[PDB]
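Working notes, beginning with the structure itself.
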Amino acid sequence: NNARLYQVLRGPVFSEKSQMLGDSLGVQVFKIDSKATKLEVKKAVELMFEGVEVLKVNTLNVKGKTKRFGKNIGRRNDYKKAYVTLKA
Amino acid sequence: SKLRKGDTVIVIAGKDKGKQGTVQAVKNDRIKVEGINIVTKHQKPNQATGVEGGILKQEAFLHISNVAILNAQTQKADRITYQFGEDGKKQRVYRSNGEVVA
Amino acid sequence: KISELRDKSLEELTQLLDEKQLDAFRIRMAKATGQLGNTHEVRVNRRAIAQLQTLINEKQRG
Amino acid sequence: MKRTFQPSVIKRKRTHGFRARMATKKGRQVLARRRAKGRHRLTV
Amino acid sequence: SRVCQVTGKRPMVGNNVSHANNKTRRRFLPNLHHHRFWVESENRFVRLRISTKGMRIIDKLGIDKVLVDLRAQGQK
RNA sequence: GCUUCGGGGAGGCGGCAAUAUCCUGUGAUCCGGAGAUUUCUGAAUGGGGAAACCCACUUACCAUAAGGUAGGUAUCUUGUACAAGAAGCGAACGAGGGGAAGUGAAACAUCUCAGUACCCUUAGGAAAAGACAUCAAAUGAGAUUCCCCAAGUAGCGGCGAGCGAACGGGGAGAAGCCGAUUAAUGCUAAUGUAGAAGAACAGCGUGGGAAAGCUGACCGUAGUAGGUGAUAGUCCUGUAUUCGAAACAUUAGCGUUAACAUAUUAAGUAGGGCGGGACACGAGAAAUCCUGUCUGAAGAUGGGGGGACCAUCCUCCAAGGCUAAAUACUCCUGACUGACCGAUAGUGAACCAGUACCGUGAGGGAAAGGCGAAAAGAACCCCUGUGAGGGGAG
RNA sequence: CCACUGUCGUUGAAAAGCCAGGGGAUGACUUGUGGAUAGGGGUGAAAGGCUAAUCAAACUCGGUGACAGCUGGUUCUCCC
RNA sequence: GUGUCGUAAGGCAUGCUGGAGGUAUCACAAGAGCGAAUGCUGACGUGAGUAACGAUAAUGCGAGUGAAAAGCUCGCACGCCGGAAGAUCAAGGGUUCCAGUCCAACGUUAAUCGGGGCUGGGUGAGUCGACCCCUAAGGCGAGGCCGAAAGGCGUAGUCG
RNA sequence: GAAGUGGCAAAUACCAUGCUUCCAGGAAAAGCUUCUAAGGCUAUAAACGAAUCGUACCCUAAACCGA
C-alpha cells in the first residue's frame, strides 16, 4: 500500500561519511523504519523523490548507545539506516 | 479559583499588606500580583538567549489566602460569593454588598 | 476542526488522509534537515491524522 | 586456573530460560514465585 | 490408572501395623483383572479392566446394564 | 494520545524540570460515562523456537512484479464435515486426594508432634453440612451451621507424656422441598461512577511575617479539620446543611425468552469374615461409621439404632436428589478509627526497591528523607588552571 | 595434557601459583561444541573421590522462633 | 555550660546555641532505663604515614602542548617479543571501536593521557556467517501404554 | 614519471574422501541422479531478481572466566 511507503524514510543522515558518499558516488543515506526492507526502501525513495531511479540499497541496523543521565542508566533507540545508490 | 487573572486585589497578609495590584498569574494555591511581593533576582547572563542579565526586581508568587479581592465601591478587602442568575449565569459577587460586577 | 471533518464523505476523507500522510513525511524531512521553525505542526498533523482515521473507522462501521 | 562459571548462552537459555521454565509445572511455579515477589528479571 | 471402571475401586491408604504397633504407610490395591465380556446384544467381546467385585456385578446385573452405565459415566 | 456524551469555567501541553513552539470563552487543560485504536511476546492457539523471533499454508480482493489489504488455519470436550465451550493467571477462606520430621515423653520404639507443614485436584461468594434408618430415656425432643456453658468433666492413655468428648442448658439464625438451577431481554424503583452552593473580624502594640497579645464585634444545624511567613469558627480549602446525571454499572421487584434438570421410595445394598482407617475412645468387654479383600440378606407379618450381647420397651425408615440464614476470609473498593511507628522505627522498600548488589540457578537482598515562608539558589568584583575552594558584594 | 622434588610465596601477582628441574606425549591419549545421569540419589581404573572455591549425604526455601539439664548476656535508685 | 536542691535515681533555675513546639498536677498504660552478650548498624581511632604500588623486557635526551610533563604527542637513540607479547576468528563481552573535548572521581603516583566523563560519528553482502533444507546424541511427543493426583513412558511425527 | 623474469630450495597445505596395510571393522538424513504409483517437463535465450539477521572492537585479554 501507499500509506506504508510514507513512513519508511525517517530522515536523512548528516555526517562526514554521508557527505563524502553523496559527493563522490551520489548515494543518499537515510534513517529508515526498523522493520523496512530493501525493496520498500527502493520504492519509498523512488516514490518520494520523483525523477530518480534507485540502483542499489544497502541497509544495516545500528544499536543505540547506553548513555547515563543522573542516577539512571538508559539507552538510545536502535535504528536502521540505508545507503541508496541512484542512477546518475 | 475565586480570584482570576486581571481582577484587582488587596494584600491582607505579609510584608506588602495594604498594597493593591492587578493579578498577573494564578497557580493552584499561589498568586502573583503586579507591584507587590517583589524579590531581587541575581540573573546570570547568557548569550544563547536574548536576556542580558544583571540584578532584576520581579514580582514573586505568594499564597492566594494572603490576598483578597478589592471592593470597587467601599475600597476595602472583601470576600467572593456566587450568584445563580435565573437567566442562566453564574457570576462572582462581593460578599458584603452583593453586586454582580466582579 | 472536527466540525468541518465530520460532514465529509468517506472517499474524500480517504483522499485527505493520504495528503496528510504525505504532509507528515514532508514535515519529518523538513524537521530533520532544519527547515521547520514552528515545531508544533508535527503534533497538529499527527493529531489530524488520528482524527481522520477515527472518522474513517466510524463511517466504515456505520 | 579454570573457574566455575564458564558461560555459554545456548546452555544458559536452554537450562534456565523462559521456555525451559514454562515447559514444566515446577518451572511455572518458579515464574509465579518470581512474579509475586515482583522481580524485574523473570528468567536468564 | 489402577481404578475399576464399574465400581470405582481405587487404591486405598492405610497402615502396616507391627506387633510392636509400629505403623508404616501402605496401600490396598483393587483385585483388578483384564477380562473379555461377551455382549450378545452387540455380538462382540469387550475387554474391561475390572475388579472381581465388578465381575460379580456383571454376573448379577448383566453386561448391557453395566456397559450403558459406563457409557453414561464417560470413558467408553 | 482520537471520537462522543456529561461536568467545569481560565488557564494549559504528565514528574525529575525547565526551555521552545504554541493551544485556550468557536470553552482548552482537567474530572466522570461510553466508544474507536490497541505493535510484538506470553494460555499463545498456523508449524517451530534460545519469550519478545524464524518459517508457513490457504480464501477473497488489489497490484504487476518478487508485494499489499481483510480474514481462516492449535488441542480437547459436548452437539448435528458443522456450532457451542474450555484452556491460562491470580490474596486468603472451602472441599477433596496424598502426608513428614524436628520436638515432647527429661533416653526411646507405642504414643506426641498432627492429619500440622508441605505436595496435588478443584469450587463459590462463601463453601461444606443439612430435614432423621437423629438423639433422648425427662414431664421427651425435633434438620444443618456457629457462639457461651456443660468441662479440663466422662473417658482414652508405654494408664506415661499427653489426648479429650457427649448428653443437656443459654443464645445467633431459623425452612423445608421435589427445579429453592443457570443465562439473557425488557420495564420499575434505588444506588454508584464527575459535580454545585455553603455564614461570620476589625482596630491598636510587638514582630521578617500575626493566626499569638490588648480592646471591641459577628456566625454557629458550620467551634478541637488541613493550610496560610508564629497558635485562625469569621484569610483560603473546607465543615453543618441542602442538592445535580446525558451515559454506563450494580442491587431489588414484575414479565418474557432458552439451556439444563424434574427421583418416586431404592440389593451386590444392610449385615458378616480378614486387614486397615475414623470416631475423645491406642483392641480394648468395643458399640457406631468408612472400606482394600472375600462374601452376602430381610425387604413393612420387614428393617436400623438406643456403646459387648440378649429380651422388653422407645425411636426412626438407609441403599434417589436438593435446600437460605446465622459461620470462614481479604488481592481488593469506600468511609472512619487508633494511650500504633516516626527514617537503625514502621513494610525489605517514605527516596526511581524487590532496585543496586550477590548467586549457574532456585534464591538471597541493602543503603539512601528534611535549605528557605518564598529560590529571593548568591548579578558583579577578587585569588585560582575560565578548575576546585574561598573572600567581598547582594 | 599432567604434577614427582625443592626454593619462594603463605595480610600471596594467585582462596593452590611462580621459578628450576620432573612424567606421558598414536593412546586405556588430549581437547571444542551439544546432550544424559540429581541427593540416601548420581557418578567413581575406589581416594569416601567428585556432584558449581560447599560433600560420611549438595544447594535454596519451607517445618522453623527445631531442641540446647550447656556457655554468654540480662539495662534506674535507695531502705530492711 | 553554670549555679543550686534532694539519701539516691534525679529536680529546679539560668547564660549561650536553637528556631516551633512543650507540658504542671493526679491517675492510667508501657517498645520504660545498657558497658560488657567473640551482641547488631553507622562513624571514627591504634597499628602508621608504617607495608605495599602486581613479573628485573629498560630506558636516555631534544622539542611541543600545557597551570603543571619521568609517564602524553613528535623525533633521535636504546631495549623486549617475534609458533608472539604479531595477525584471523569462534566463545564470551557489548560500544570497550573513531574523532573532538574535559581531568573531579576512576587509573595502586602525576597525567595535558586513557578501555574514565561528555558530545558526535562508525558496522553497507545472492557468493562470508546465520537464517534456510537435512539429520546425530538427546528432547517433546495426535492417538497409545502406565500411574492416588501431580505425572512417567512411548508410535507416527516434530525439534535439536 | 621504473622495473616486473630466470635458477635453486621447499611445507604439517594440495593431488589424497587417493594408495598400501591392519583390526578395534569405521554417523545419519537430505540436497542430487534415475524409476515409476495414485493422479507439466527438456533445451534456447530475453528481461528481471536473490529477502531477513550478524558484520565496529577485544579475543595467550586491561574488554572473556578468576571481586
Side-chain angles (χ1 to χ4, degrees), chain A residues 1 4 15-17 37-39 58-63 65-66 70-72 81-83, chain B residues 1-2 4-5 12-15 17 26 29-30 37 39-45 49 53-56 60-68 77 79 81-82 84 90, chain C residues 2-3 37-41 43 46-47 50-51 53-55 57-58 61, chain D residues 1-20 22-23 25 30 32-33 37-40 43-44, chain E residues 1-3 9-17 20-22 25-31 52-53 56-57 60-61:
Chain A
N1 55 357
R4 155 82 194 139
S15 60
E16 269 85 65
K17 173 149 194 197
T37 77
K38 284 173 197 210
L39 184 43
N58 290 133
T59 326
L60 60 153
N61 305 279
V62 32
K63 330 326 199 223
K65 276 178 307 228
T66 278
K71 195 149 293 189
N72 88 2
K81 79 184 168 146
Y83 295 98
Chain B
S1 57
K2 291 218 187 160
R4 305 209 344 160
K5 207 201 325 213
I12 70 186
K15 54 180 199 168
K17 191 222 277 163
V26 182
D29 35 31
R30 295 200 90 67
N37 193 63
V39 297
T40 89
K41 176 77 186 190
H42 298 94
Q43 204 45 261
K44 188 79 192 190
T49 76
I55 272 157
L56 326 174
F61 278 96
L62 73 164
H63 203 263
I64 205 191
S65 61
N66 289 350
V67 301
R79 306 170 231 120
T81 176
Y82 287 104
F84 214 81
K90 189 168 149 182
Chain C
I2 192 70
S3 64
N38 41 345
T39 182
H40 69 274
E41 296 173 357
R43 204 208 186 101
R46 173 213 312 142
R47 298 281 155 101
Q51 271 165 1
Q53 283 187 246
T54 316
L55 292 189
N57 268 250
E58 278 163 14
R61 182 179 63 243
Chain D
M1 312 103 72
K2 214 223 283 212
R3 289 296 167 197
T4 278
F5 179 30
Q6 304 322 318
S8 169
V9 167
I10 274 176
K11 281 151 65 101
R12 178 170 191 82
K13 301 288 189 38
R14 289 226 272 231
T15 179
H16 303 299
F18 186 79
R19 289 183 74 68
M22 278 293 283
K25 175 181 226 60
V30 170
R33 209 177 318 137
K37 206 179 185 179
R39 284 226 192 244
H40 303 184
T43 58
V44 306
Chain E
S1 188
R2 186 164 297 139
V3 58
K9 303 289 215 44
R10 68 180 52 250
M12 216 195 48
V13 294
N15 277 315
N16 282 320
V17 192
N21 229 292
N22 310 108
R25 302 308 297 158
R26 75 161 281 181
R27 299 215 305 164
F28 298 85
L29 301 183
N31 200 4
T52 325
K53 204 220 163 52
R56 303 179 72 229
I57 291 185
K60 157 181 194 171
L61 297 202

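So you know, we letter chains A, B, ... as the sequences are listed, proteins then strands, and number each from 1.
If you check G:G6 against G:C19, you find a Watson-Crick or G-U wobble pair, both contacts below 3.5 Å. A Watson-Crick or G-U wobble pair links G:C4 with G:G21, each of its two atom distances being under 3.5 Å. Residues G:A20 and G:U5 show canonical Watson-Crick or G-U wobble pairing, with both defining distances under 3.5 Å. For F:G124 with F:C93, the Watson-Crick or G-U wobble criterion holds, each of the two distances under 3.5 Å. Nucleotides F:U69 and F:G292 fail the base-pair criterion, which asks for a Watson-Crick or G-U wobble arrangement whose two donor-acceptor distances both fall under 3.5 Å. Nucleotides F:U262 and F:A154 are not base-paired: the Watson-Crick or wobble atom pairs do not both lie closer than 3.5 Å. With both atom-pair distances required to fall under 3.5 Å, a Watson-Crick or G-U wobble pair links F:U75 to F:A86. No Watson-Crick or G-U wobble pair joins F:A324 and F:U355 with the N1-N3 or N1-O2 distance and the second distance both under 3.5 Å. Nucleotide H:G144 is annotated as paired to H:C153 [Watson-Crick or G-U wobble, both distances under 3.5 Å]. Entry note: G:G48 and G:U75 fail the pairing test, Watson-Crick or G-U wobble at under 3.5 angstrom for both distances.
Using a 4.0 Å heavy-atom cutoff across all strands shown, E:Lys60 reaches at least one base atom of the nucleic acid. The residue D:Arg39 sits close to a base: some heavy atom pair falls under 4.0 Å.
Going by the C1'-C2'-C3'-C4' torsion, the sugar of F:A183 sits on the north side, since that angle is positive.
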Give the B/S/- string for nucleotides 54-63 of chain I, one per nucleotide from 5' to 3', where a protein heavy atom under 4.0 Å of the base yields B, of only the sugar-phosphate yields S, and otherwise -.
-> SS--------
Base-contact (B) and sugar-phosphate-only (S) positions in nucleotides 228-238 of chain F, heavy-atom cut-off under 4.0 Å, - elsewhere | SB----SBSS-
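Taking atom P on both nucleotides, G:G40 is separated from G:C59 by 12 Å, rounded to a whole Å. F:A105 and F:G282 have their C1' atoms separated by 16 Å, given to the nearest Å. Separating the P atom of F:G276 from that of F:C111 is a span of 13 Å, rounded to the nearest Å. To the nearest whole angstrom, the two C1' atoms, one in H:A111 and one in H:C103, are 9 Å apart.
The six-membered rings of H:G66 and H:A67 are unstacked under the 5.5 angstrom centre distance and 30 degree angle criterion. The six-membered rings of F:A232 and F:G233 are unstacked under the 5.5 angstrom centre distance and 30 degree angle criterion. The neighbouring residues F:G171 and F:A172 form a stacked base step, their six-membered rings being less than 5.5 angstrom apart at the centres and less than 30 degrees apart in plane orientation. Base stacking of F:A366 on F:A367: present (ring centres under 5.5 Å, plane angle under 30°). Between I:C23 and its strand neighbour I:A24 the base rings do not stack, failing centres under 5.5 Å or planes under 30°.
Of the listed nucleotides (H:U95, F:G1, H:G126), H:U95 has the atom at the smallest distance from the side chain of A:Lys65. In this structure, of F:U360, F:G98, F:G35, it is F:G35 that holds the atom nearest to the side chain of C:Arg61. Closest to the C:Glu58 side chain, of the nucleotides H:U95, F:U110, F:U3, is F:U3. Closest approach to the C:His40 side chain among F:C22, G:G17, F:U360 is made by F:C22 (side chain taken as heavy atoms from C-beta onward). Taking only side-chain atoms of D:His40, from C-beta outward, the nucleotide of F:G268, F:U69, F:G354 with the closest atom is F:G354. Side-chain proximity of D:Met22 to the nucleotides F:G42, I:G66, F:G99 is greatest for F:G42.
Rounding to the nearest 0.5 Å gives a distance of 9.5 Å between CD1 of B:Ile12 and NZ of B:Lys17. A distance of 6.5 Å separates CZ of B:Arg30 from NE2 of B:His63, quoted to the nearest 0.5 Å.
Counting atom types as modelled, D:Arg19 pairs no side-chain N or O with a base atom of F:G42 as donor and acceptor under 3.5 Å. Applying the 3.5 Å distance criterion, the base of F:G365 shares a donor-acceptor pair with the side chain of D:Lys37.
Taking a pair to require two hydrogen-bonding distances under 3.5 Å in either a Watson-Crick or a G-U wobble arrangement, F:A287 remains unpaired. Summarising the base pairing, F:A247 is matched to F:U193 through a Watson-Crick or G-U wobble pair whose two defining distances lie under 3.5 Å. Base pairing analysis places F:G302 opposite F:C317; the two distances defining the Watson-Crick or G-U wobble pair are each below 3.5 Å.
Where stacking is scored as ring centres under 5.5 Å apart with planes under 30°, E:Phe28 does not register as stacked on the base of F:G292.
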Could you run down the sub-3.5 Å N/O contacts of the protein with nucleotides 263-266 of chain F?
none

What does the list of N/O pairs under 3.5 Å between the protein and nucleotides 390-394 of chain F look like, with a distance for each?
unit_1: F:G394; atom_1: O2'; unit_2: B:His42; atom_2: NE2; d: 2.7

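Applying a 4.0 Å cut-off to non-hydrogen atoms, the residues of residues 7-17 of chain D that approach RNA chain H are D:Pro7, D:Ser8, D:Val9, D:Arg14, listed by residue number.
Nearer the 5' end of RNA chain H, as judged by each residue's closest nucleotide, is the contact made by A:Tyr83, out of A:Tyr83 and E:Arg27.
Under the 3.5 Å distance criterion, with hydrogens and angles disregarded, no donor-acceptor pair is assigned to the side chains of E:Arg26 and E:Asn15.
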For RNA chain I, produce a single dot-bracket line, 5' to 3'. Pairs: Watson-Crick or G-U wobble, both distances under 3.5 Å. Symbols: ( ) within strand, [ ] crossing, | other strand, . unpaired.
-> ......................(..).........................|||.|||.........
